[PDB]
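Content type mmCIF, C-alpha atoms (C1' of nucleotides) and all ligand atoms, from the file structure18.cif:
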data_protein
#
loop_
_atom_site.label_atom_id
_atom_site.label_comp_id
_atom_site.auth_asym_id
_atom_site.auth_seq_id
_atom_site.Cartn_x
_atom_site.Cartn_y
_atom_site.Cartn_z
CA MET A 1 -99.82 -31.36 59.94
CA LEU A 2 -99.37 -28.69 57.26
CA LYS A 3 -98.16 -25.31 58.51
CA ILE A 4 -98.39 -22.45 56.00
CA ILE A 5 -96.96 -18.96 56.54
CA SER A 6 -97.84 -15.71 54.78
CA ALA A 7 -95.54 -12.72 55.28
CA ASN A 8 -95.01 -9.39 53.53
CA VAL A 9 -91.31 -9.06 54.33
CA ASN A 10 -91.28 -5.51 52.96
CA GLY A 11 -87.85 -6.25 51.52
CA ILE A 12 -86.52 -9.75 52.17
CA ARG A 13 -82.95 -8.56 52.80
CA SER A 14 -84.03 -6.46 55.78
CA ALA A 15 -86.02 -9.42 57.09
CA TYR A 16 -82.97 -11.68 57.00
CA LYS A 17 -81.15 -8.87 58.79
CA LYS A 18 -83.81 -8.95 61.51
CA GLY A 19 -83.68 -12.72 61.93
CA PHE A 20 -86.49 -13.77 59.60
CA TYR A 21 -84.27 -16.49 58.13
CA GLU A 22 -83.78 -18.19 61.50
CA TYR A 23 -87.49 -17.79 62.22
CA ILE A 24 -88.41 -19.81 59.13
CA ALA A 25 -86.72 -22.89 60.59
CA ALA A 26 -87.74 -22.16 64.18
CA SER A 27 -91.40 -22.20 63.14
CA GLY A 28 -90.94 -25.65 61.61
CA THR A 29 -93.18 -24.67 58.72
CA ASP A 30 -93.77 -26.60 55.50
CA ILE A 31 -94.65 -23.68 53.22
CA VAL A 32 -93.81 -19.97 53.32
CA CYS A 33 -95.38 -17.27 51.15
CA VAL A 34 -93.45 -14.00 51.12
CA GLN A 35 -94.62 -10.72 49.60
CA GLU A 36 -92.57 -7.69 48.54
CA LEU A 37 -89.04 -9.06 48.14
CA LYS A 38 -87.98 -5.60 46.97
CA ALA A 39 -85.24 -7.18 44.85
CA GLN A 40 -84.42 -9.39 41.87
CA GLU A 41 -82.99 -12.88 41.38
CA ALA A 42 -79.52 -11.41 40.84
CA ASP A 43 -80.07 -9.40 44.03
CA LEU A 44 -81.00 -12.34 46.28
CA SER A 45 -78.54 -14.63 48.03
CA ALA A 46 -78.82 -18.42 47.86
CA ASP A 47 -80.46 -18.49 51.30
CA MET A 48 -83.09 -15.99 50.17
CA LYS A 49 -83.95 -18.44 47.40
CA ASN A 50 -83.68 -21.77 49.21
CA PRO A 51 -83.82 -21.14 52.99
CA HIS A 52 -82.70 -24.17 55.01
CA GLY A 53 -82.62 -26.52 52.04
CA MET A 54 -86.27 -25.67 51.44
CA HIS A 55 -87.07 -25.48 47.75
CA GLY A 56 -88.04 -22.05 46.48
CA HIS A 57 -89.53 -20.12 43.58
CA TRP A 58 -90.05 -16.44 42.84
CA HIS A 59 -91.43 -13.75 40.56
CA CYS A 60 -89.47 -10.49 40.41
CA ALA A 61 -90.26 -7.06 38.97
CA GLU A 62 -88.44 -5.26 36.15
CA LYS A 63 -87.66 -2.51 38.65
CA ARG A 64 -84.63 -2.97 40.89
CA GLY A 65 -85.46 -3.32 44.58
CA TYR A 66 -89.19 -3.36 43.89
CA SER A 67 -92.03 -5.79 44.60
CA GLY A 68 -91.63 -9.52 44.01
CA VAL A 69 -93.27 -12.52 45.65
CA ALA A 70 -91.96 -15.99 46.50
CA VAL A 71 -92.85 -19.44 47.84
CA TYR A 72 -90.55 -21.73 49.83
CA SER A 73 -91.45 -25.36 50.53
CA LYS A 74 -89.82 -28.42 52.10
CA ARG A 75 -91.39 -30.51 49.34
CA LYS A 76 -90.44 -30.23 45.66
CA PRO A 77 -93.43 -28.59 43.93
CA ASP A 78 -94.70 -30.63 40.97
CA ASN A 79 -95.64 -27.56 38.92
CA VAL A 80 -94.85 -23.85 39.10
CA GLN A 81 -96.45 -20.82 37.44
CA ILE A 82 -94.59 -17.51 37.49
CA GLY A 83 -96.81 -14.47 37.03
CA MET A 84 -100.57 -14.38 36.50
CA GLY A 85 -100.20 -14.31 32.74
CA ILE A 86 -101.10 -10.64 32.50
CA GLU A 87 -97.82 -9.00 31.46
CA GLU A 88 -99.17 -5.64 32.63
CA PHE A 89 -98.95 -6.87 36.22
CA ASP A 90 -96.31 -9.53 35.56
CA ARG A 91 -93.82 -6.73 34.93
CA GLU A 92 -94.13 -6.10 38.67
CA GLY A 93 -94.11 -9.73 39.83
CA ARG A 94 -96.98 -10.25 42.26
CA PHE A 95 -98.15 -13.81 41.59
CA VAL A 96 -96.48 -17.18 42.17
CA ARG A 97 -98.24 -20.55 42.14
CA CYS A 98 -96.80 -23.87 43.31
CA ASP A 99 -98.66 -27.17 43.04
CA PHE A 100 -97.79 -29.84 45.60
CA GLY A 101 -100.07 -32.61 44.38
CA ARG A 102 -103.67 -32.10 45.46
CA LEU A 103 -102.60 -28.79 46.99
CA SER A 104 -101.74 -25.48 45.33
CA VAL A 105 -100.27 -22.60 47.32
CA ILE A 106 -100.22 -19.07 45.92
CA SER A 107 -98.19 -16.03 46.98
CA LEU A 108 -99.97 -12.84 45.96
CA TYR A 109 -99.02 -9.17 46.27
CA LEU A 110 -102.17 -7.19 45.48
CA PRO A 111 -101.10 -3.68 44.36
CA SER A 112 -101.43 -0.91 46.96
CA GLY A 113 -103.34 2.13 45.74
CA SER A 114 -102.43 4.37 48.66
CA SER A 115 -99.54 6.11 46.91
CA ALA A 116 -101.39 7.79 44.05
CA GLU A 117 -104.76 7.88 42.28
CA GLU A 118 -103.23 6.24 39.21
CA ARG A 119 -101.98 3.42 41.43
CA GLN A 120 -105.56 3.12 42.67
CA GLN A 121 -106.70 2.66 39.07
CA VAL A 122 -104.07 0.00 38.40
CA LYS A 123 -105.19 -1.77 41.57
CA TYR A 124 -108.80 -1.62 40.40
CA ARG A 125 -107.97 -3.25 37.07
CA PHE A 126 -105.97 -5.87 38.96
CA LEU A 127 -109.13 -6.74 40.86
CA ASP A 128 -111.27 -6.81 37.70
CA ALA A 129 -109.03 -9.22 35.78
CA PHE A 130 -108.16 -11.28 38.86
CA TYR A 131 -111.74 -12.05 39.93
CA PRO A 132 -112.15 -14.46 36.98
CA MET A 133 -108.91 -16.13 38.06
CA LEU A 134 -110.20 -16.71 41.59
CA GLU A 135 -113.32 -18.19 40.00
CA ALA A 136 -111.44 -20.59 37.71
CA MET A 137 -109.26 -21.79 40.59
CA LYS A 138 -112.48 -22.20 42.56
CA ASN A 139 -113.55 -24.58 39.80
CA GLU A 140 -110.45 -26.76 39.50
CA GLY A 141 -111.34 -29.33 42.15
CA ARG A 142 -108.04 -28.99 44.02
CA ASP A 143 -107.40 -27.48 47.46
CA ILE A 144 -105.87 -24.04 46.88
CA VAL A 145 -104.53 -21.72 49.57
CA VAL A 146 -104.10 -18.05 48.68
CA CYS A 147 -101.63 -16.35 50.99
CA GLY A 148 -101.19 -12.70 50.11
CA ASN A 149 -101.22 -9.02 50.92
CA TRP A 150 -104.65 -8.20 49.51
CA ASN A 151 -104.26 -4.73 51.03
CA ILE A 152 -108.03 -4.65 51.55
CA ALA A 153 -109.92 -4.49 54.83
CA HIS A 154 -113.22 -6.37 54.65
CA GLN A 155 -115.21 -5.26 57.69
CA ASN A 156 -115.05 -2.78 60.58
CA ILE A 157 -113.58 -5.57 62.71
CA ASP A 158 -110.52 -5.89 60.48
CA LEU A 159 -109.03 -2.57 61.61
CA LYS A 160 -108.72 -0.46 64.76
CA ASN A 161 -109.73 2.91 63.33
CA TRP A 162 -112.25 1.69 60.76
CA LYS A 163 -114.15 4.89 61.47
CA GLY A 164 -111.74 7.36 59.88
CA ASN A 165 -110.53 5.36 56.88
CA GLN A 166 -113.54 5.07 54.57
CA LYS A 167 -112.07 7.91 52.51
CA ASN A 168 -108.75 6.07 52.38
CA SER A 169 -107.58 3.37 49.96
CA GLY A 170 -107.77 -0.10 51.48
CA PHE A 171 -111.20 0.32 53.05
CA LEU A 172 -113.12 1.88 50.17
CA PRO A 173 -116.69 0.58 49.63
CA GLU A 174 -115.67 -0.66 46.17
CA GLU A 175 -112.75 -2.77 47.40
CA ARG A 176 -114.67 -4.15 50.39
CA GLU A 177 -117.46 -5.02 47.96
CA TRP A 178 -114.99 -6.98 45.83
CA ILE A 179 -113.76 -8.96 48.83
CA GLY A 180 -117.36 -9.78 49.69
CA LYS A 181 -117.91 -11.00 46.14
CA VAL A 182 -114.94 -13.29 46.74
CA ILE A 183 -115.90 -14.84 50.09
CA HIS A 184 -119.66 -15.22 49.72
CA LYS A 185 -120.09 -15.15 45.94
CA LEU A 186 -116.96 -16.93 44.68
CA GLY A 187 -117.07 -19.19 47.74
CA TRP A 188 -113.65 -18.66 49.27
CA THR A 189 -112.99 -18.94 53.00
CA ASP A 190 -111.29 -16.16 54.96
CA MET A 191 -109.34 -18.65 57.06
CA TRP A 192 -108.72 -16.26 59.95
CA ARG A 193 -112.26 -14.89 60.03
CA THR A 194 -113.61 -18.44 59.95
CA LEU A 195 -111.38 -19.57 62.82
CA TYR A 196 -111.75 -16.39 64.88
CA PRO A 197 -115.00 -14.44 64.25
CA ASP A 198 -114.38 -11.96 67.08
CA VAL A 199 -110.60 -11.55 66.89
CA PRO A 200 -109.43 -8.44 64.97
CA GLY A 201 -106.28 -10.25 63.86
CA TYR A 202 -104.37 -7.16 62.76
CA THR A 203 -101.35 -7.98 60.60
CA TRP A 204 -100.09 -4.52 59.63
CA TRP A 205 -99.45 -1.27 61.50
CA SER A 206 -98.41 1.99 59.84
CA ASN A 207 -95.14 3.59 60.94
CA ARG A 208 -97.05 6.81 61.57
CA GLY A 209 -97.52 7.75 65.23
CA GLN A 210 -97.15 4.93 67.74
CA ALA A 211 -99.75 2.70 66.07
CA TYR A 212 -97.90 -0.62 66.31
CA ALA A 213 -97.45 0.03 70.03
CA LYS A 214 -101.14 0.82 70.55
CA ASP A 215 -102.07 -2.14 68.36
CA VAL A 216 -103.70 0.26 65.90
CA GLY A 217 -103.38 -1.82 62.74
CA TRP A 218 -105.30 -3.36 59.87
CA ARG A 219 -105.86 -6.89 58.61
CA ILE A 220 -104.71 -6.81 55.00
CA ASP A 221 -102.97 -10.19 54.85
CA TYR A 222 -105.31 -13.07 54.01
CA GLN A 223 -105.26 -16.79 53.31
CA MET A 224 -108.32 -17.45 51.15
CA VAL A 225 -109.00 -21.18 51.33
CA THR A 226 -111.18 -23.64 49.42
CA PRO A 227 -114.04 -25.19 51.48
CA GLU A 228 -112.60 -28.72 51.45
CA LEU A 229 -109.30 -27.55 52.93
CA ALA A 230 -110.92 -24.71 54.88
CA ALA A 231 -112.71 -27.26 57.06
CA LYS A 232 -109.40 -29.03 57.74
CA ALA A 233 -107.88 -25.92 59.34
CA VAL A 234 -106.96 -26.48 62.99
CA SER A 235 -105.51 -23.13 64.07
CA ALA A 236 -103.86 -19.81 63.20
CA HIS A 237 -102.02 -16.88 64.78
CA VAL A 238 -100.19 -13.64 64.00
CA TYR A 239 -96.58 -14.13 65.11
CA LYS A 240 -95.37 -10.97 66.87
CA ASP A 241 -92.60 -12.18 69.17
CA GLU A 242 -90.23 -10.45 66.75
CA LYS A 243 -90.79 -7.61 64.28
CA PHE A 244 -89.28 -8.52 60.91
CA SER A 245 -91.34 -5.93 59.08
CA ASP A 246 -94.24 -3.48 59.17
CA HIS A 247 -96.31 -6.59 58.41
CA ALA A 248 -96.73 -9.63 60.64
CA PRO A 249 -96.46 -13.27 59.46
CA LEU A 250 -99.82 -15.04 59.31
CA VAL A 251 -99.29 -18.62 60.46
CA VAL A 252 -102.15 -20.98 59.71
CA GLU A 253 -102.11 -24.67 60.66
CA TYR A 254 -104.16 -27.23 58.73
CA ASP A 255 -104.71 -30.95 59.31
CA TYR A 256 -103.95 -31.80 55.70
CA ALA A 257 -101.87 -34.27 53.69
CA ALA A 258 -101.15 -33.56 50.02
CA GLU A 259 -99.73 -37.07 49.75
"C1'" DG B 1 -80.74 12.73 46.33
"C1'" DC B 2 -85.87 9.59 44.05
"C1'" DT B 3 -89.69 5.80 44.36
"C1'" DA B 4 -93.59 3.47 46.84
"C1'" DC B 5 -96.24 2.77 50.59
"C1'" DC B 6 -103.07 7.10 57.10
"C1'" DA B 7 -102.99 8.18 62.85
"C1'" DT B 8 -103.37 11.88 65.46
"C1'" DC B 9 -104.75 16.14 65.82
"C1'" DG B 10 -106.93 21.47 65.03
"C1'" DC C 1 -114.83 15.51 59.44
"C1'" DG C 2 -111.68 17.69 57.81
"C1'" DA C 3 -107.29 19.47 58.11
"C1'" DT C 4 -102.65 18.14 58.76
"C1'" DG C 5 -98.65 15.42 58.72
"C1'" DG C 6 -94.10 10.30 57.97
"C1'" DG C 7 -90.66 6.72 58.47
"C1'" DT C 8 -89.49 2.47 55.94
"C1'" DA C 9 -86.62 -0.33 52.15
"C1'" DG C 10 -83.74 -0.08 48.42
"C1'" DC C 11 -81.35 2.01 44.21
MN MN D 301 -94.53 -2.42 52.30
#
Could you rewrite the structure in this file as structure tokens?
Amino acid sequence: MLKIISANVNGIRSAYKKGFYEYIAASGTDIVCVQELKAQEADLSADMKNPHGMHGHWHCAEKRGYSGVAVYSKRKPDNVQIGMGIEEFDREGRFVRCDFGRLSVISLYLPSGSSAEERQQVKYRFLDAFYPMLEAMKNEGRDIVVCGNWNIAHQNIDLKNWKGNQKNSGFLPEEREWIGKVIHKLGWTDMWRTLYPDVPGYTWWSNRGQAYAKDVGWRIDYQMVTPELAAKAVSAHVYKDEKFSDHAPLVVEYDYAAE
DNA sequence: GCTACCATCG
DNA sequence: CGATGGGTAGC
């Protein structure tokens, strides 16, 4: 049984403060994809690099206390790719790939364009140059999980107030259209949507108002899976027993064996 | 201090 | 629909 976790820690140090470290072991997971480390290698402790003896790898940004993704794994990954290859986005560190034989897990931090229009443009280009990547990986022949903060809502079911957010970044017709071109066109499987067609599955609630309390959140964290592995998925859930961050850890469980 | 990241109301 | 607001992490 292969348990994979995706979690935007929104600063890994705070998460470890709020008992995320302990949680990693408690969940008895085999792979953990974290987004937004908000730090650098020199900034992280040994436990934030190799939690509980679990191997680990990371991509950090040039900016201190900014962005950064990582992947922990009980098994020693055969190959590792830091950064997409596009320096423009690699200077922010949002892509980390780890091959574990037949399997390849990817931690992705899709840029959020809700801070400025220019950031929205950078996000758009990210999508444009990343689509071909999703396609190539779709045509490798290996089972590839993509855990990440896509920061894009697909349908009206993926967010509580889908009605008053069409003029807001994250639910813009363009972005949603891209996602569609990924699931149906590219042939990826929205693991959660495929396991639970009627469950909202919110994974993020804004600090504004009392949203988190009223379960007024979005679903911006995805695990896009290849058909072969997609079918092998047995369950999934959004862990909320403890709040480590404004995001909630997506825990998917597959009946897979990379060996 | 500066940077980055929409729910409730008028 | 449009006008009108917010608290986080980390340097
Ligand atoms: Mn964040």
Within 7 Å of ligand MN 301 (chain D), counting only C-alpha atoms (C1' of nucleotides) and all ligand atoms, residues as number ranges by chain: A: 10, 36, 246; B: 5
Requested write-out: C-alpha atoms (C1' of nucleotides) of the selected residues, as a PDB file, in the frame of the given file:
ATOM      1  CA  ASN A  10     -91.280  -5.510  52.960  1.00  0.00           C
ATOM      2  CA  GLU A  36     -92.570  -7.690  48.540  1.00  0.00           C
ATOM      3  CA  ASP A 246     -94.240  -3.480  59.170  1.00  0.00           C
TER       4      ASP A 246
ATOM      5  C1'  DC B   5     -96.240   2.770  50.590  1.00  0.00           C
TER       6       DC B   5
END
Dump as an MDAnalysis selection string the residues of chain A that approach chain B to within 12 Å, counting all atoms listed in the file. chainID A and resid 10 36 38 63:67 111:116 119 151 160:171 205:212 214:218 246
Give me, as a PyMOL selection string, the contact residues of chain C against chain A at a cut-off of 8 Å, counting all atoms listed in the file. chain C and resi 6-11
Residue contacts of residue 127 (chain A) (12 Å, only C-alpha atoms (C1' of nucleotides)) excluding same-chain residues fewer than 5 positions away, as a PyMOL selection string: chain A and resi 89+109-113+120-122+132-134+150-152+174-179+181-182
Using Å and a single decimal, report how far CA of residue 238 (chain A) sits from CA of residue 252 (chain A).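 CA of residue 238 (chain A) lies at a distance of 8.7 Å from CA of residue 252 (chain A).
Ranking A:201, A:173, A:180, A:148 by their shortest atom-to-atom distance to residue 6 (chain A), with only C-alpha atoms included, puts A:148 first.
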With 3 Å added on each side, what axis-aligned box encloses every listed atom of region 82-89 of chain A? Give the centre and edge lengths in Å to one decimal, as JSON.
{"center_x": -97.8, "center_y": -11.6, "center_z": 34.5, "size_x": 12.5, "size_y": 17.9, "size_z": 12.0}
Could you name the residues that touch region 189-196 of chain A at 6 Å or less, counting all atoms listed in the file, but leaving out those on the same chain fewer than 2 positions away, as a PDB file with C-alpha atoms, keeping the file's coordinate frame?
ATOM      1  CA  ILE A 183    -115.900 -14.840  50.090  1.00  0.00           C
ATOM      2  CA  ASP A 198    -114.380 -11.960  67.080  1.00  0.00           C
ATOM      3  CA  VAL A 199    -110.600 -11.550  66.890  1.00  0.00           C
ATOM      4  CA  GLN A 223    -105.260 -16.790  53.310  1.00  0.00           C
ATOM      5  CA  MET A 224    -108.320 -17.450  51.150  1.00  0.00           C
ATOM      6  CA  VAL A 225    -109.000 -21.180  51.330  1.00  0.00           C
TER       7      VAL A 225
END
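Going from CA of residue 60 (chain A) to CA of residue 43 (chain A) covers 10.1 Å.
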For CA of residue 104 (chain A) and CA of residue 142 (chain A), quote the distance in Å rounded to one decimal.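 That distance, rounded to one decimal, is 7.3 Å.
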When you get a chance, write out N, CA and C atoms for region 6-27 of chain A, as a short mmCIF file (atom, residue, chain, number, x, y, z; two decimals), in the coordinates of the input.
data_model
loop_
_atom_site.label_atom_id
_atom_site.label_comp_id
_atom_site.auth_asym_id
_atom_site.auth_seq_id
_atom_site.Cartn_x
_atom_site.Cartn_y
_atom_site.Cartn_z
N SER A 6 -97.76 -16.83 55.71
CA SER A 6 -97.84 -15.71 54.78
C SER A 6 -97.20 -14.49 55.42
N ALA A 7 -96.29 -13.84 54.71
CA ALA A 7 -95.54 -12.72 55.28
C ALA A 7 -95.06 -11.72 54.24
N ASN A 8 -95.50 -10.47 54.37
CA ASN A 8 -95.01 -9.39 53.53
C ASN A 8 -93.73 -8.83 54.13
N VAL A 9 -92.59 -9.38 53.72
CA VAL A 9 -91.31 -9.06 54.33
C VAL A 9 -90.89 -7.61 54.13
N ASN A 10 -91.60 -6.91 53.24
CA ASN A 10 -91.28 -5.51 52.96
C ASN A 10 -89.79 -5.35 52.68
N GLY A 11 -89.27 -6.21 51.80
CA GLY A 11 -87.85 -6.25 51.52
C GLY A 11 -87.20 -7.41 52.25
N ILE A 12 -86.98 -8.51 51.54
CA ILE A 12 -86.52 -9.75 52.17
C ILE A 12 -85.14 -9.61 52.82
N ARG A 13 -84.29 -8.76 52.26
CA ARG A 13 -82.95 -8.56 52.80
C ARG A 13 -82.98 -8.00 54.22
N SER A 14 -83.86 -7.03 54.45
CA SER A 14 -84.03 -6.46 55.78
C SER A 14 -84.54 -7.52 56.75
N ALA A 15 -85.44 -8.37 56.26
CA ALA A 15 -86.02 -9.42 57.09
C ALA A 15 -84.94 -10.38 57.58
N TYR A 16 -84.09 -10.82 56.66
CA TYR A 16 -82.97 -11.68 57.00
C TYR A 16 -82.01 -10.98 57.95
N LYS A 17 -81.94 -9.66 57.85
CA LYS A 17 -81.15 -8.87 58.79
C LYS A 17 -81.77 -8.97 60.19
N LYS A 18 -83.09 -8.96 60.24
CA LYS A 18 -83.81 -8.95 61.51
C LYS A 18 -84.20 -10.35 61.98
N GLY A 19 -83.51 -11.36 61.46
CA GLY A 19 -83.68 -12.72 61.93
C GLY A 19 -84.92 -13.44 61.42
N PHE A 20 -85.36 -13.09 60.22
CA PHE A 20 -86.49 -13.77 59.60
C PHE A 20 -86.06 -15.15 59.13
N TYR A 21 -84.84 -15.23 58.61
CA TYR A 21 -84.27 -16.49 58.13
C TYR A 21 -84.34 -17.56 59.22
N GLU A 22 -83.76 -17.26 60.38
CA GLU A 22 -83.78 -18.19 61.50
C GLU A 22 -85.21 -18.57 61.87
N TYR A 23 -86.09 -17.58 61.88
CA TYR A 23 -87.49 -17.79 62.22
C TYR A 23 -88.14 -18.86 61.35
N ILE A 24 -87.84 -18.84 60.06
CA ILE A 24 -88.41 -19.81 59.13
C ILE A 24 -88.22 -21.25 59.61
N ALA A 25 -87.02 -21.56 60.09
CA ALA A 25 -86.72 -22.89 60.59
C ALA A 25 -87.32 -23.11 61.98
N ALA A 26 -87.24 -22.08 62.82
CA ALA A 26 -87.74 -22.16 64.18
C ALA A 26 -89.23 -22.49 64.21
N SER A 27 -89.96 -21.99 63.21
CA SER A 27 -91.40 -22.20 63.14
C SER A 27 -91.74 -23.60 62.64
#
